[PDB]
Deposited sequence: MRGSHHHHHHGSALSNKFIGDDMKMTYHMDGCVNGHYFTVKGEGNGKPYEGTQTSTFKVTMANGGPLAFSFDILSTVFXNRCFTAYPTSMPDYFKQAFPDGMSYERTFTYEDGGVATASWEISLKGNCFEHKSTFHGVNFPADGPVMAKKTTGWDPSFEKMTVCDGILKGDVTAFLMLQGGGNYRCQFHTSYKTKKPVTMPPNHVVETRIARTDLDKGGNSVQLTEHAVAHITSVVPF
């Protein structure tokens, strides 16, 4: 794909609502698609000003499978989708009743990926790890990719690590849709490592770094 180069730029815009708290997020990043790495800086603006009202980790994974190292042989569903574009839909089912739904569109112009998302979370316990910001980040995960009904699906039981050392379970279910038909890959897995680094006390300013590599199973 002559459209996806070795070095890419990214820009993000998110409109969201968690437990009634409205917010918007802006971000900018840089990435190496073939190497499976990317880093970005985000700014969360709560509708009512003030610090981030919940754990940024519920948003991190929403902020691009094109940033995955795929073996040169295997069909790269994500890379093939450009320049037409892709849409993503993800369900997050947390173990304590909290549920978040997120949907986003990724477009590309030149070396720049524009990511526009909508995020909505409800029913998180007022004192749980999400609302109390007790999480540290996602443990490495192996997302199972399967082809289902012409599109690629991703399923994985992920874990958000907690301050004291515990873990908080989240089931992820995602639909990866392409604007145009692409050559489908075989069922596989994507190993991902995502690290979050708060830049300010409130957590409104934050950095994310991710490394992802696909494995033939």
property	result
Deposited residues absent from the coordinates (by C-alpha)	1-15, 79, 234-238
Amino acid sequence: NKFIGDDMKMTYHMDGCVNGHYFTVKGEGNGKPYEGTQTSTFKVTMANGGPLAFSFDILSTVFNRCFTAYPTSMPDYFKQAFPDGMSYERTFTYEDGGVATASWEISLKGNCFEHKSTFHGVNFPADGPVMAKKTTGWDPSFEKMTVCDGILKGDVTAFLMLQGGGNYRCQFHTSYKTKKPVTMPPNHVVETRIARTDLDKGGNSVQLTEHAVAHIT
From here on, numbers count along this sequence of modelled residues.
| property | result |
| --- | --- |
| Mean temperature factor over C-alpha atoms, higher-scoring stretch between 77-85 and 92-100 | 77-85 |
| Higher-B stretch (mean Cα B-factor, as the entry records it), 130-138 or 143-151 | 143-151 |
| Candidate residues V189, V182, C170, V44, the one whose C-alpha B factor the record puts highest | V182 |
| Assigned third (lowest, middle, highest) for the C-alpha B factor of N19 | middle |
| Third of the chain's Cα B-factor distribution that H115 belongs to, per the entry | middle |
| For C66, the third of its chain into which the C-alpha B factor falls | middle |
| Relative C-alpha B-factor of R196, binned into the chain's lowest, middle or highest third | lowest |
| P51, C-alpha B-factor rank within chain (lowest, middle or highest third) | highest |
